[PDB]
Structure formats: structure tokens, C-alpha cells
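Asks: compute the structure for the input listed below.
(chains A, B, C, D and E, ligands or ions: 2)
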Amino acid sequence: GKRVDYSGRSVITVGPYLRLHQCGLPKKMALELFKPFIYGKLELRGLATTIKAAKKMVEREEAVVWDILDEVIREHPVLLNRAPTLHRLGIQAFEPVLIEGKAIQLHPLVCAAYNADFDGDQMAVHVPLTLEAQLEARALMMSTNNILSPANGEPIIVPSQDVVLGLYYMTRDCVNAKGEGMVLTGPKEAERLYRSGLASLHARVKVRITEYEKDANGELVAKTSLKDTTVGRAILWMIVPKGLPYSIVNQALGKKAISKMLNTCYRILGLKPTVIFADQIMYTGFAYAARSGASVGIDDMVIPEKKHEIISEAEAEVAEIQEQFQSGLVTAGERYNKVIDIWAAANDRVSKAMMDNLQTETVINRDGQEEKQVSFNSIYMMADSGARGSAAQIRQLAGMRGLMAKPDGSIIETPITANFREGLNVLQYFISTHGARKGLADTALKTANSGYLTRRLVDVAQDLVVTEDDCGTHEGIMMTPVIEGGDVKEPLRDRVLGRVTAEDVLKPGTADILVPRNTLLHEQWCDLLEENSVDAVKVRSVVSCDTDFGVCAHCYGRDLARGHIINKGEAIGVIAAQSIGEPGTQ
Amino acid sequence: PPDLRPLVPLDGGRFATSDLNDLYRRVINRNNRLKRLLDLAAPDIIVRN
Amino acid sequence: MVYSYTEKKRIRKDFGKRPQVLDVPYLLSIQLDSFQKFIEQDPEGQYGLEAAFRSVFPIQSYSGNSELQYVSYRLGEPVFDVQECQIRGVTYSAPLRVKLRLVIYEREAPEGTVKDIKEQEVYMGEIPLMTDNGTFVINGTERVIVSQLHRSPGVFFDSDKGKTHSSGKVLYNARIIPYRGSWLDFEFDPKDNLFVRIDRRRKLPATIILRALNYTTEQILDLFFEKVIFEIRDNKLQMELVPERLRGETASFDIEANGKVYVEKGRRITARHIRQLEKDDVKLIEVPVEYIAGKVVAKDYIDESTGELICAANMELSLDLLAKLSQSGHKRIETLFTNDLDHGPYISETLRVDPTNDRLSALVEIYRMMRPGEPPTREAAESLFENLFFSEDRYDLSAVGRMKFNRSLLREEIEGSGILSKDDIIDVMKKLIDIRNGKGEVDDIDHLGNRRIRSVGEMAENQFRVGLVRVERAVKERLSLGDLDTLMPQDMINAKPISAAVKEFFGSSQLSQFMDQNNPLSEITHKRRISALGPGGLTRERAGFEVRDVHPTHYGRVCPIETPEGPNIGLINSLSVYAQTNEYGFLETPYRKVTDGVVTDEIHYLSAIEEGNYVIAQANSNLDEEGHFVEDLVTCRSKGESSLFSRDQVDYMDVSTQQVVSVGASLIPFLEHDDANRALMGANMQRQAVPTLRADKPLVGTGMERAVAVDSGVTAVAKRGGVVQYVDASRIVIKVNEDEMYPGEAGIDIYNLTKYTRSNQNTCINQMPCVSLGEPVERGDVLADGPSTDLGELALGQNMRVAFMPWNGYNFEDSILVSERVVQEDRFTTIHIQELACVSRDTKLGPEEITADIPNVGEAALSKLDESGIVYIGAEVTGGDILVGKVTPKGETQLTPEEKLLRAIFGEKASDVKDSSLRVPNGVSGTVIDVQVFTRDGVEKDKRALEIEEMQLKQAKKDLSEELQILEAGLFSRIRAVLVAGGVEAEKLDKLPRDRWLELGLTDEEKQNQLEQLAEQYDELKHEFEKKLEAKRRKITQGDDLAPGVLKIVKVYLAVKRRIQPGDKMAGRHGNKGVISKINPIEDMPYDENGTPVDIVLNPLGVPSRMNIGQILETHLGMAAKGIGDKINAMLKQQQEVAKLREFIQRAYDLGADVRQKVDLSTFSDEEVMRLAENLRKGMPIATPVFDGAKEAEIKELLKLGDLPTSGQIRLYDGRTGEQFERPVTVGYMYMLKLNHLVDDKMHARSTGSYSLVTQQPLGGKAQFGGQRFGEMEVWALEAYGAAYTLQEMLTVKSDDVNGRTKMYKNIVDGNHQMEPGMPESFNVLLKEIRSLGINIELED
DNA sequence: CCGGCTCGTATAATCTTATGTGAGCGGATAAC
DNA sequence: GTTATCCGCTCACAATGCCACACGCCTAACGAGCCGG
Ligand SMILES: [Mg+2]
Ligand SMILES: [Zn+2]
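Replies: Numbers count the residues shown, from 1 in each chain, chains lettered A, B, ... in the order given. Ligands and ions are numbered 1, 2, ... in the order given. Pasting the structure now:
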């Protein structure tokens, strides 16, 4: 670890107007970094002769220098870094956009990959300065080239909490609103109805949609129909590209739904529509999250009406078990077990009652009498969309909270009968402090142990590089989908997606070559292997690869974080050690 | 090479010493004292010590 | 009811329902009581310096009959008072005087009378005193000693099960921890042999340390075991029996008596058969002979006829020895009673393990354990074993050690010696054997009956005793050859090691920390701090996990929620609110004595051990007005476990609902609606809130900020009650009421408020007056608002209008948007104060000058300087300009032995000049507010230093003239009033000066003559004021001493003003951080239907994830407070009548359930009401106690009193589109802080800077103009891509290749992007220090 | 009139809340 | 007996990264210096 010239440090800040391949750079710090490029551009254009004239001109900060600096920036990328680097997405390269400020702006979709807060997290800046370094930082490391993760083939550009709330609030329905049941021409007329205030954002309506489907072999097929949908869904359809079918935006669109929206858009179309589609999603998600106005208030946490008598019946039952212990019929251990069972049952009943009271209380007039629907409550939209929180956190807010366990390892008799909307008294808060400090100490030591194990694994696997193409053997392993005895945990599709077959696995129709012996199990081919219900597939591993001083290519299969088979040189031992050692904190 | 264990320039008076320089000074003092004791036909107990 | 004269300025509306009975004590009591206990004239010498002088002295030579004894001690007056000591640089010391009496005897008579006694006041050392705020002053700065939490002196019986031998068998070690001395441990091996060790050496059998105190083996077996008596009947002998010994056994034979068969063979002995023997009362039964086949004879037996040793003590018996004792007639035979369950033969096995046999051999064996190779000699081993335990010099338990050691053995008295005894060690062995048997249990460590706190005075006297021991060794070595009758006891007491030890501990220990002066909260929570690190305790990487969790006896003694997080959690605990240090050093906490039915008000204090016997009610238990538990079963607790008890069963009740927490988290309103993690983060982030330009009270605060802001030191409090007589911006002069004047010449009071000066975190400590002229104040009331205070209320940040809504993504995870109205009202602007010094140094080649003559610089940079070489007071300078012009001589090669004579006198001491002027660092700016000049005694002062002299001299004249003018007027009134007697003429009086009134002739009464004598007494008082002025000017005029080498010092302060900008960190009191993302204009804000914009947009998504739900209740209550404020403002702008205003304030102050204030405005007499309205018109301040909060419905009714909506949600419009935000949003007033993680302390950059010396790498840090550490994991990351050339630049061109990097720099400036690889210089460094070992290492080819 | 004092400076000394490994070596331990 | 193993004791070696900040880094006695008594 050598310290490095042309570097810098700041605190960061969001800036949601950026594109994906650029970042906000402070003006003064960018004049400070690129001083020799500035000196060269000044002595080229005749505006100075010596180096000292250029030093005086750039210490006066004259108005020619900013135009010169903008000529210096234009196509010259910059590396950014966050300090506890775990996995290889820790440092990435962007282009700069100049900012009159003192902080670094940073595109919000990337912020999950850095695992960055905005709680005061600091970042650092390095400069590629030669020609090959600029060209590597543009090709191998620009942030439009890192969508899928190297640990598993999943997009790392999932839209986060606020965009989730915006898109979930746009694409819903309610059974009586302005302009319900009218008819429309395009999606743009639905937009023009939303702006004028004539029709509301979610009122059901038949529209006309043209959609393109590329089942024709390399071209697009138009198809025009009338579909029963929503004004918000017709507005969101205007940023979907040509490829996808309309049933991707007809549902309620929580978090996993838009994640697989991005994933199917990556599968069918390519790279550039995936990047530009993530940008349009981020922009319109923030826009309609602004126009929502989704607040939170103390009257958005509905207490159940039946909490009181459930606690009263639980107290009657524990008094009865206490009397059965007092007469001497039941021993102390079974008394303990009966009490913990009945408080578990009472907690589950209270949680069921509060969730049933929140999710569907909203009754609205039909233009007939009354109906039922999913609610428009605040925290229920914050949980049901999967933006922040689970059933557990929203359970502790209004229903009673769990059973706190003492640090000895036992679990206490009397559970915390209160929620957070009501007040906790002295003893119960003093009990909750145990779990607080226990979790904090566990995090404090877990960090260091994960760091040391990652250090040792990347020491082991460092000298190993994919070095030749085809070792050409006929060994390997046999994969079957794992089954404990409960449910099948991992199917055969997920494990043996993208690994090169060892032997020709025959069809269940015997003596029929279902797969050639030396091909790559890509996705369509994996489905056509799945259809005949194959239980065991033999496949080439790395542990039986033949190549001296390295690993052959077909013995490793396709690469993660990109699409095709792996190129000769990818230092797979280091990315493997990082992929094991990265989630060790969790 | 003595640039690779440099003598710390303080402000006012004396220079602050490193650790290697103190260890080499101790070794050289001990070596000179033993060489002089070999030069003067010392008794065996003292040269052993 | 009746309120103070500042308490009537505003009233905080107090919710909370419980009647309190005990107010908050003085929050800094522990520091002041400790250091007051340290230095005090103490009879009986149990503690303080007197104990340290009684422990060592008298000191005497090696029977040379020269001896030094001790008379008394005295502390000299401080030569320097506090503020100028903080300016100049020294400690706030105090000198010490010791009256020593050197005696020498007359020879051939040791009890003979001494012939020479010599008494002196020897000077030794300097002991630092304590400021009135509990702090110390060390090197110009102000430092605090943190209290320590360590293990108790005494004894412990730990188990430590598990990991030994992997068999599951537990162990039982017993440790004795002395207060000053050496350890003592007892252990078990899995062979059940009982071992001893001392000071963690190697193991020994405990039999030898039991023998070494003059014990025979039969005495050992008599003490540690009982007896069974066999009597030899001549055939098939008998056995005595108490039948309870047979319990839990298997009968080896047919147990029977009087023909009645009790137990058959093979049957285990039942308690039924035991009761049969109880009824039958059997004393003897008749065993078979072989039953003694395996037992052990207790004591030794010889042949009474021949002297043959038949069997010794602790011998395993056989039938041959039984036959021989029957032949010798030894019928009465003792036998060790053994068992596997109750009385285990544990000692006898160990006594058969050990090799060592008797007393002198035992002393030899211990003496060989302690030091190997030394000659085993009788007297040396005897002296070693005496000095380990049985002497005062090197084994001292305290009183606390004797306390715990008599308590943990069920003794009776609690006063014993500071040494051990025979009974102590054998009782430790007996108790350890009993614990191994099964009765009794272990003592867990985390329980606070075993962990004491050390305050400052005890650590101070320990270090002082260490220094006294070193000086004692030196003076004993000197006085051992004491043979001179001219020796006086200054010749022998070297005052260097005592001062070295005292200044070592107070200056740079591990427990002498800086005090964080950026809140009054930060100071008062840093002094109240209980630490577990340092000497005597553990370290932060060897503490495990059990000492960090919450033991269930932290209740009311240690705050559960205030702690640092990160590396050291649970070691730096903060002290509770009502906690008191015990008489011995444990932590006692208050409780209320309860009789049979009546909860009384007689408060008691309880230790950590006494609490686990009684029954204690929880605080919020509803009561009567007479005092009765109104329910029947009450939530209470007995021993670590809360439960539900009866009504005529409780004994003690809590004092208040505050006592669980500390002062750092009793200031969070609605704390009881928060997850404990976020309460921890809020309680950590309050004490980093930087102070603001204009301070501002909080609307929603707990009822605690008045005691915090007063009981700290940042505000000034009137000591005596009176009338305000003079108020300037600088000082306040108070006339004292005549009831509070002690009758000899009391007069007035003067408070000199501290102006803009430096704090330790470079923030601006300030004081301002808050009383008007001619206004009454009362004793114990505030006068000067310090930093972040407001009318005697702690007030850290400011409170603002906040809307919870997502606004265009500018608040994505935790970011905060701020409108420009917060900037234009400059209400987070912060003053900072930097300090820069410059010294003139006595180098070679000539000295250095402070002159204004600098070559190679322009005239314009010399303009801000005066002719003396120093910038003026108040010249607004920026980064780069010259503060102080200093020049250095530069020869370089002159070498003439005559030219240097003329250059040192005639040649100005200046031949060729190198510029070494103190310049402003880069970036920083500001306004020079203060310059200090310090000149060595001997150099003549420069004229600017003389200007400072004259200014300070006029300052010294002014105040003394003020006191003379105010003092002489009483005797002026007296000469006039006695001149009334006899005859006075007032028209003739006032035409001529006052001495002429004094010399106005009148017939001599006795009263006028005594008052004339008092007139010359004020004349000599005037002479005394003259000598006061002379005493001031001899201090000011005289030059300074300095460090060896320095001529003069110039100190320059600067002050700079920091506005707010995107990047700073603001955060509420509930743990909700944020970086200011954008800074919007006013018209892009969400405005409500009335038109007023909203200052700050938060993000709602942060509320359901982390359960900090109390902030929304704070938001609603704050909107209710400002809602009352707007109606009060509307009633004052219309200037309505005070009766209606009185009525509205009264109706706003009743409002709710059974609150305990009950104010009534029928005593405020139509002027306090208007002043109270002028204070309340910006909002009505509201109190909320922590665990006695305001319910939801009362917030609803207070929102109903104003015209606000009940739901707390208002329709909000849009700044950009002018449309409506559809659902209603939440607006309110939240109180926010500004933390000192400012962006202009972090944004740091580098293109090409400096380099280090050893390896040619760039330096690190911001100040040294460094580059970032592109560390190891980032290299793994670049290897993980296909990046190859970029790794080569980050490894070689950017650093450690010298020719490579200069070639690269020239190549960039030329406009060609190539590179030159080279080879790093640090690798050649690695080669040159591997070759420094015996390792050849080269490079092939 | 040399060092008594006073200084320049070169250089020696009586803990005590940790865990988990591996790895080796000395003392007991069970056979022809 | 004597030989090939088994077991308990003692001891070296590891424990994330980065940042700021701040204050610390000898002297009683052996070879010289000044000049007083
Ligand atoms: Mg963060
Ligand atoms: Zn292979």
C-alpha cells in the first residue's frame, strides 16, 4: 500500500440529476488535481511561455483558466473509491461534471454497490494519467459496464427505497376516482389527462396500446390492442423500450418486480437500453415520489381494538398455570414451557389482528354501496412495496414486541406487552438495552474476523489465472438438485446454469443424444434440458482441470458479471476469494 | 547506509535518535571495551563475561 | 409556586404526573469531593497527603543514629491565577513546603537524647490545584482526570469451568487480590490436588505454604478434617458412630446394634434406618476387622516400649499395623473421616503429592520458587517469606480490602489489619474446600459489589507515594554515611523525582484527557465518566464479551444507553443521574423508605449488595394523597428479576423515573418511544453540537436543561443577592443587599465576563449579560449566558419548520434539504478561533530578528505589518500573507576569526538573510483579534512590547481607581455625618475639597477624634492601594523566563466565521443524521395554504425502518408550541388589554390531566405579564420528563387550543408547479443540531507535494500536504479487474520511482502521455536491510 | 592556582483479566 | 528387563481497513570551564 499522488478526499452528497456514467466533482479541487495538464494546455495556446508564468496565472485563477480546465476534463475519466473496500465493485471510474461546491455528488443507483450511507461517509478520488490507464478506465471499469455481479448473475442496479415508493404509488388502482371507465387513444393522452386534473392518477380505464415483440428472428412485430389498465401504468409505459410485453407493467410493481423488469430488459435487448432504462426509471420514480406526498404521522399506526382482551386472557392463563404449579401437579420446567408457548400464541394472534386491520381497512364507495381494497395507509405502502421494513418492524411499531431474551441465553417469562406508539415503562426499556448492546458488540468483533478471513483467502488464491483454452478431459462431477427432506432447496436449473457439460447426458429416451458432450449450458438450452426431467447432470469442474499452472477455460465455464465464456486472463482466484469473503459481515 | 536510519532533526538543541542508532552505539561500545580487554591480558572471568 | 426573578422571565409548561421528592444533586460532586479529600489538614491521617507522609517517615540510617523525621506540611499560595496561566503556558501549580527536623543521636545511647536537631522548610515539587469547575490546567490547556472502574481489593472464588482438560469437570480457583502487594492463588488439578501459587509463578502444593507458618502434619489433619474414633476390642473391634455420617452410602457389612439388624449387606443406608438409630441412640457398633482395610490413620504412632515408629501421621493402614498397635495397646485410634460427596479427602492426597517435608525445607522450597539459583540460606528465606505477606512495607490491603475480606468469610468485625494472618489463609482454604464440597457458590465479577471506582485523589496519592519512595531510597543512601554536623535538610532532599512523578501523572498519564469544550453538555458528561481502561484494569483487546453486557445491578448506577460505540463498547460507561460514590468507593443509589402502608419521604441510599435482599417497587406506581399503593399486586423486583408482589410486602420505592439514565440522555424528549440503538446514537451526537452565533432555546425539551446549564461552569451566578448597579458589554457590578453583608467592609461584587477566546476544539466561547440596569437579582440566579445557553437553559442547536415528504430525491437515504431562508437569517453560522505562535531562536551564525526588514518581498505585503514587524490588531488577512516577519542569518562560509567579531556587534547581527517569517497557512482566513509578546529576561524589549506594557498598565490602574472611588465614599459620608454633630454648614461645605472638610475645625468629641483616626486609616488604606498598584506593575514590567534557546515569542490569534454549505452534518436529538444535499431558494419550497414556506425537507422512509418513533411526537408537540405562540403574537400586535392576555396565558397553563405545576397569574402584577408575553411570543416552551411523558390526547388538546388541525397534517402546495401535494404531509417544528464534521476540514487534495525521507513515498494527512493511502485491499480490487497498467502507475509512477516520476511530470507538461517504468526505491530499501542481516540476496541476470 | 561549583554530554536500571491454535518435548505407559 | 507409544506442559504466533485531530519524544555522575577565594 503506497500513497499516491493526484488523489483527494471529500464528504459525499446525492445529486439525483446525474446520468449513470458521471459524477459531481468540485471546481476548486478539480483545478487542484489537473495542474500539469493545465500547464501543458496553457503553454500550447501561447498564453504563457515559462512554467512560472503559468503558475502565476493559475494562482490568480483568471477567467481563461476555467475554459482551459473544461477543455482538460472533457473525456478524461476519474476513479472513485470508498474506504473499507470489500469486493471488486469498490472502486469504479466515472466521468466528471464540474460543480461549484465543496462536496462530491454521486449517482444514487451506484450507492448500493458501494454500500454507502449519506450519514457522513467520506470518499476518495484518484486520477488515471497515462494513455493506457485512461483507456482501461474507460473500457474495463466504467460504471456502464458493471451491471451483473461477479458473485452471482444478478443486477446490482436495483432501484432503491425512494424510487420503489414512487413506482409503487404510481401503478395501483382504486375503485372510484376521477375519470373512471372512460376511454383513451394513446398513453400520452393519459398523461394529458393527469396534468389537467381531469382524471386522477389511478382510476381504471381502457386504453389503446401498440407494443412490439421480437419473436420474428431479429426484427420487431407491431401489435395494437385495447387493454384494461390504469392511467399511471399508461404513463409508465412511455419509458419502456420497444422489446418488452405490456404485462411487465400491468401489476402493482413493488421492488422485486421492477428488479426482474430490469433483468428481462437486459436479457432481451442488450446493454445500452438497460442503462438508459435504469436512468428513465430513476427519473420518473423520483418525480412521482415527489408528487405523491407520502408522509408519516402518529395516526398512521392503527392499534388493534382486540389487544386488551388478548393480554387479559393471557394473564388469566398464566395465573392458572401458576396455580397448577402451586398445587404441585406440574413441575417447574413444564410450567416454563407452557408459559412460553401461550405467550408465543398470544403474540402471534395480536400480530395477525394488526396486520389484518391495516392491510384492508380502506372501504370506499363504489357508486353502488361499498367494497374492500388494499389500503393507502402510509407505512403499509412503505412495507408492502418492500422499500423499508418488514412485517417485523411494522409489527413492533403497533402490535406488541416479541420476547426479549436475557444475555445469559435464556428467554424471559414476561414479554414486552407494549408497542412503540404507546410508551414503554422503565423495566421494559431496561430489558431491551440487553439486546441492543449484544448486537452492537457482535458487529464490532464480526467486522475484524471477516476481514482477517478475507485476507487469508485472497492470500491463498492469488497466483491462479485462466491460462489456456481447452484442457480436453472427460472427468468431472455429477450434480443433482439438493433436497433436505423438506422442500427442494436448490433446483437443477440454478446450480448448473452456465457450466460446460462433461459427458453427453442422454435423454430419458435412451440412446438419444439430448446434449452434446462438450457444450455450454446456457439458459434456453437449460430449459430444453429441464423439460425431460433430468435429475443428474455430469459437468466439468475446476478441481479436475488438467492444465499445469492455471485453469483451462472450458473447465470454468461462462463468467459471471458478463455474458459469455471467460477470456484468457481473468484472475479468477482473487474474484473468488472476494466473493466468498465479501458477505461475511452479514 | 546512514540515510536509511536518519537522525531526527529536532527544533532547539540536540537531535532525536532512532532505535537502530542506539543499538549500534551499544554494540560498538561493547566491542571496543572487549578489544581493549584483550589488548591488556585480562583474566579469564572478565573476558568470558 | 414562588419563582425566581429569572424563573419569572419564562415558564416552561411542565407535563408529567408524578410528585417529585428529591431534586437533582450537584452534578460535579465526585471530582470536587475527591480532590478536597486529597489536600486537607487531616488529623488521624487515614487519607490524603498525611497518610503518604505517615507511611514512609521517619527515615534512619543503617544504625548510624542519624535520622530524618516529619513535623508538618504547608501549601504555598499560587503565584499565577487562572486566565493568564491559560494565556501564557504553565500549569496552575501550587508550591509545597515541608517542615523537616533532621536529628542525630548521641553515640553509645540509642535511646539517648539527640544532640543536633535542625528544622527547615524544604521545598519539594509543585502540586497542581483544581479549578472551580473540577478541571486541571496542564500546559496552557485544560484537562480532566477520568475516574476508573477496577476490581475490588479482597478475595474471589471463581469457578472457570469448561476448557481445562476437555472432560467436563469444573474447577474452583480462589484468588486474593491485595491493595498494594503480591497475589495469592489456590487451584485444583483434575486429580483433586490442591495447589498454591504466588504472582503467577509456577505451581506448588499448598501443603508447603500451609506448613511454612509453623504447623505440624497432625495439626493440618486436625484442622482440615474431622475424626472417627476406633477402640480396639480384643477381637473384632468396635467403632463409634454418629449416624449422619452414614448418610448417602453403601453398607460394606451388616449394620446392626443390640442384635437389631438395621442395614443388610448390599443395602444402601436409608434415612429411615438413621431415624431408627436416632430412636435407639446408638453410640458404638462392632465393625469387622477388615473394614479398616483402606482408611487412613490420622496422627502418628510410635512404639511406647522400643521407640519404633509404628505408623506416622497420614498413613494408609494395613492389618499388620493394627496387630502391632494392639500389641502396643493403642486401642484409641483416630481415623480421618472421608466421603465422596460431603467430606472429601482432598488435603491428604495433596500432602502425599508434595516432596517437601518440614519448615526450613518449606522456606527453602519457596525461596527457590521465587528466585532460581540463589543460595538457600535460612535467614534470607525467612526474610523473603516475611516480606511477602506479614509486613506493612510490601503487602498493604486497604480498609476496603479488609472490608471485603471479612465480609466474604462471614466474620463479625469489619476493622482489621492491613496484613494477613494464619487464620486468614486457613479460612480461605476452608471456604474453598466447602465450595468444592458443594455448599456455597462462586462470585460473579460483573456484579457491582466487586468493582470499585477510583477518583482523582487516590491515584494522586499513589503516584506521590511512588515519588516519595524513590527520594527515600536516595536520601537513605546519602544519610547512611551521615557523619557531618553541618548537614542541613535541604542538602539531601533532591526535589527532582517527586516533581517528576507528580507532573508525570497529572501531565501525561493514560487517564489525563483533554476536555471537549464544544458544549456545556460535553464538559459535564465528560467529567461524569466511569472508565475501565488504564493501569490496574484490562485492555480494549483482551476484554471478552461478558464484562461489556448489562449486569442487572446497573440500575440507577450506570446509564444503560449512553456509551461510545465501535471499538470499546461498554468500557467507558457514563455515570447515572442520582448516583453517589459510597464511603468506601462502591456505587450507592437512592431509594425511599416505605413503612407498612405509607410510602414515606425519608430517603436512604443503598449499595450494590444491599439491594439484592429487599423488595423494591418500580417508580410509576399510582398512589393516594396520603401515600398508599392503590392497587394490591404491584410490579416490583427482588433479586435480579422483576415480578408482581403484594401490597403489605414492599420495603423500598424508587425516587423518580429519571434515575435509570444519565444526564446525556435525560435531555431527549419522548425517549420512551425509541429503539435503544437510536437513543444511543442520539446521546452520543448531542455532545458534538458546535455552538451557534445567536443561541436559541428549544421548544420541546425535558425539564432538565436548567440544572445542566447552571451546574456546569459556562455561566456566571450571583453569589449574593442584591441590585444591579452597572452592566457593560464586558462586566457586571452588583451592589449587595445589606442583609447579606458580613459587617466588615463588604461593599460590592464584580464579575468580569470572558470575551471571545479559544476553546479546545477551536470553537468560540463567549459570555453575554442577560440582566438590565437597576434590576433586582437574587442569590443563586444567573447573570451571564455562556455559550449555547439562553436565560439559564441549555440550548445547543436551533428549532426549525420541517416537513416529512420525499422532494425530488434530494433526501435519498439520509440527506437533508435546506432552504435559503436558513442561510439568509445566518442562524447556523459559527465562529472559529485558531492560534499560531512564532519563536525567535538562538541558532548558530547569529540570532534571529523580529524586524520588518525582509528581502525578496514587495512593499504591499509589508503594509499590514507595522514598523516593529507585527501585523496590527484587526487587520483582515487571508492565506499566504506575512503575520510575523522573522529572518535568519546565512553565512554560509565565513570562517574568519576577526570578521565574526565585527559582524556580531557592528554588522546588525545580519549579513545575509534567509526568510523565516511566520506566514498564514493555505486556505485559512480571518481577522487578527489578539497579539501577545513574551520576552526573555535579558533582551531589551521592542517598542511594540512596550506599547503592550503601557496598555496593560493603564488597565491595571483603572480598576484599582474604581475600587478606591467606591470605597472612600463611606468615610466621606462618615466625616460629613459626624461633622453634623457639633455644627455643619452645607452651603459652606460643598465649596472646597474633601480633606478641607476633614480639616474643617470643630470642638473635639471622642467620636470625631476616633473617626479622624479612621480617616488616617483610609489614608493608609490609600497607601495600601498604592502598594497594590506597585505589586501589579512589577509583575507586568518584568521580563519572562523561557525555554533554553529562545529569545522571544509572538502569539497571534485568529478568528474566522463559517457559514453553512452543502456537505455539513446536521442531526436531531433522536439519532437521525444527514448531509445537506442541496441549498434551495425560497420560492421552490412547499408552502402551505397560508403562504409561509417550509425551511427543511426530511425523508419519511427513515422512520419505519429504524424505530425512532419519538421524533414524530416531538414534531407534533413542537407545532403545538408554536401554535400557541402565534396567537400570543397576534394578541400582542393588536395591543389588546392585559386582562384578556392574562386569561389566555392562564388557560394555556392549566390544560390537561393532573400535572404538578399549577401556576396562577393572580400574583404577577401586570408587568411580569407583559415581560412574560415578550418572552413567550416566539413560542411557548414545554417540558416533558423522560419516563413520565405527555400522552397523545394532551398533545391533541394543546393542538386544539390553537387553531391547528388535530391530525398534525396540513395540505401543502408546491413551489415549482403551484399544484397540490395530494395526500396531507406532516409539518412541525423540530429542534436540530449542527455537528462539527465540517466540510472545510475534510476536502483535501494534492497534485504534487512533499516526500518522506526514508522511503520516497508521499506523506499522509491533510496538514502535511499528503496523498491518500491507496492501500492493500484496493490493490486486490485492481487485480480483480483486468487492470494492469493502472496498477503500475499507482505502484511506481505516482510514488517511489524518482527518475520515473520526474520524467513523467516533464512528459505531461510537454504534452506526451508515455510512461517510464523503472524500479521502486522502497524495494532497494528492502534489499539494503535484508543485507544488513547475514542474508545474501541479489538479482540474477 | 586545581578543581569547588557549574556545565557538556554519554549512557547504566527493582506484571499480576485472554483465546485459539499448532508444534515440539519430557514423563509416564503398555508390550516380548 | 527394554522398546515403541500416549499424553501433559510449555511456548511462538495471529487478531480489519482508512481518516482526521491533539500532545509527547531523559539525566546523577564522568570529562571540561572560570576564576572566586
Ligand atoms: Mg454511512
Ligand atoms: Zn481441465
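Asks: and the residue nearest to residue C:822 when sequence neighbours are not counted, how many neighbours?
Replies: Of all residues not flanking residue C:822 in the chain, residue C:1095 sits nearest, at 5.5 Å (C-beta to C-beta, 6 or more residues apart in numbering or on different chains). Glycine gets a C-beta too; all of them are placed from N, C-alpha and C. Neighbourhood size, residue C:1095 [other C-beta atoms under 10 Å in any protein chain shown]: 23.
Asks: any idea how far residue C:689 is from residue C:1095?
Replies: Distance, residue C:1095 to residue C:689, by C-beta to C-beta, to the nearest Å: 18 Å.
Asks: surely the residue nearest to residue C:822 touches residue C:819?
Replies: Yes: counting by C-beta atoms under 8 Å, residue C:1095 touches residue C:819, with 5.4 Å between them.
Asks: write out the residues of chain B neighbouring DNA strand D.
Replies: B:25, B:26, B:29 (C-beta under 7 Å from any atom of the strand).
Asks: centroid residue for chain C?
Replies: Taking C-alpha atoms, centre = their mean, the centroid of chain C lies closest to residue C:146, which sits 2.4 Å from it.
Asks: residues contacting that residue?
Replies: Listed by C-beta atoms under 8 Å, 6 or more residues apart in numbering or on different chains, the contact set of residue C:146 reads C:511, C:513, C:526, C:529, C:530, C:531.
Asks: which residue does the stretch 51-200 of chain A have closest to DNA strand D?
Replies: residue A:84 (23.6 Å; C-beta to the nearest atom of the strand).
Asks: A helix includes that residue, no?
Replies: No: assessed with DSSP: H, G, I helix; E, B strand; the rest coil, residue A:84 is coil; it does not lie in a helix.
Asks: what about it, how many residues nearby?
Replies: Residue A:84, neighbours per other C-beta under 10 Å, totals 10.
Asks: contact partners for it?
Replies: Applying C-beta under 8 Å, 6+ apart to residue A:84 gives the contacts residue C:1273.
Asks: recalculate using a threshold of 10 Å.
Replies: Residue A:84 is in contact with A:90, A:115, A:447, A:451, A:585, C:1273, counting by C-beta atoms under 10 Å, 6 or more residues apart in numbering or on different chains.
Asks: picking that back up, just the buried members of the residues of chain B next to DNA strand D?
Replies: Among those, not one counts as buried by 16 or more other C-beta atoms under 10 Å in any protein chain shown.
Asks: distance to residue C:1283 and secondary structure added to those, as JSON lines?
Replies: Formatted as JSON lines, the residues of chain B next to DNA strand D follow (distance: C-beta to C-beta, whole Å; DSSP: H, G, I helix; E, B strand; the rest coil):
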{"residue": "B:25", "distance to residue C:1283": "47", "secondary structure": "helix"}
{"residue": "B:26", "distance to residue C:1283": "48", "secondary structure": "helix"}
{"residue": "B:29", "distance to residue C:1283": "53", "secondary structure": "helix"}
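Asks: list residues touching both of residue C:1095 and residue C:819?
Replies: Contacts common to residue C:1095 and residue C:819, judged by C-beta under 10 Å, 6+ apart, are C:800, C:801, C:1082, C:1085.
Asks: how much space separates the nearest residue to the second one once chain neighbours are set aside from chain A?
Replies: Distance criterion C-beta to C-beta, 6+ apart; nearest residue to residue C:801, sequence neighbours excluded, is residue C:1095 at 4.5 Å. Residue C:1095 sits 16 Å away from chain A, taking C-beta to the nearest C-beta, to the nearest Å as the criterion.
Asks: does residue C:1095 touch residue C:1087 like I think?
Replies: No: Residue C:1095 is beyond contact range of residue C:1087, at 11.3 Å (criterion: C-beta atoms under 10 Å).
Asks: residue contacts, residue C:761?
Replies: With contacts defined as C-beta under 10 Å, 6+ apart, residue C:761 is in contact with C:514, C:515, C:516, C:517, C:518, C:519, C:522, C:688, C:690, C:691, C:832, C:1236.
Asks: strands - which of those land there?
Replies: By the criterion of DSSP state E, membership of the contacts of residue C:761 in strands covers C:514, C:832.
Asks: mind putting the contacts of residue C:761 in CSV, neighbour count and distance to ligand 1 included?
Replies: Compiled in CSV, these are given as follows (neighbours: other C-beta atoms under 10 Å in any protein chain shown; distance: C-beta to the ion, whole Å):
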residue, neighbour count, distance to ligand 1
C:514, 13, 27
C:515, 20, 29
C:516, 18, 23
C:517, 22, 28
C:518, 24, 23
C:519, 26, 24
C:522, 21, 23
C:688, 20, 16
C:690, 26, 21
C:691, 27, 26
C:832, 22, 26
C:1236, 18, 18
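Asks: nearest to DNA strand D, of the contacts of residue C:761?
Replies: Using C-beta to the nearest atom of the strand, those come closest to DNA strand D at residue C:514, 25.5 Å.
Asks: gap between the closest one and chain B?
Replies: Taking C-beta to the nearest C-beta, one finds residue C:514 at 23 Å from chain B.
Asks: quick revisit: of all pairs in the contacts of residue A:84, which one is the farthest apart?
Replies: Maximum pairwise distance among these (C-beta to C-beta): 15.7 Å, between A:90 and A:447.
Asks: these two: which is more packed in?
Replies: A direct count of neighbours by other C-beta under 10 Å for residue A:90 and residue A:447 places residue A:90 higher, at 22 against 15.
Asks: leaving out sequence neighbours, find the closest residue to the more buried one.
Replies: Per C-beta to C-beta, 6+ apart, closest to residue A:90 is residue C:1277, 5.3 Å.
Asks: just residue A:564 next, same as before
Replies: residue A:558 (6.3 Å).
Asks: that neighbour contacts residue A:500, correct?
Replies: Yes: using C-beta under 10 Å, residue A:558 makes contact with residue A:500 at a distance of 8.4 Å.
Asks: which neighbours do those two have in common?
Replies: A:520, A:521, A:565.
Asks: what residues does the second one make contact with?
Replies: What that stands for is residue A:521. A:493, A:496-501, A:505, A:515, A:529, A:537, A:539, A:557-558.
Asks: buried subset of those residues?
Replies: Buried members of the contacts of residue A:521, counted by 16+ other C-beta under 10 Å: A:496-501, A:505, A:515, A:529, A:537, A:539, A:557-558.
Asks: parallel or antiparallel, list what pairs with the helix or strand hosting residue A:3.
Replies: If you go by DSSP states H and E, residue A:3 is part of strand A:2-4. Partners of strand A:2-4 in the sheet, by DSSP bridges, are strand C:1268-1270 (antiparallel).
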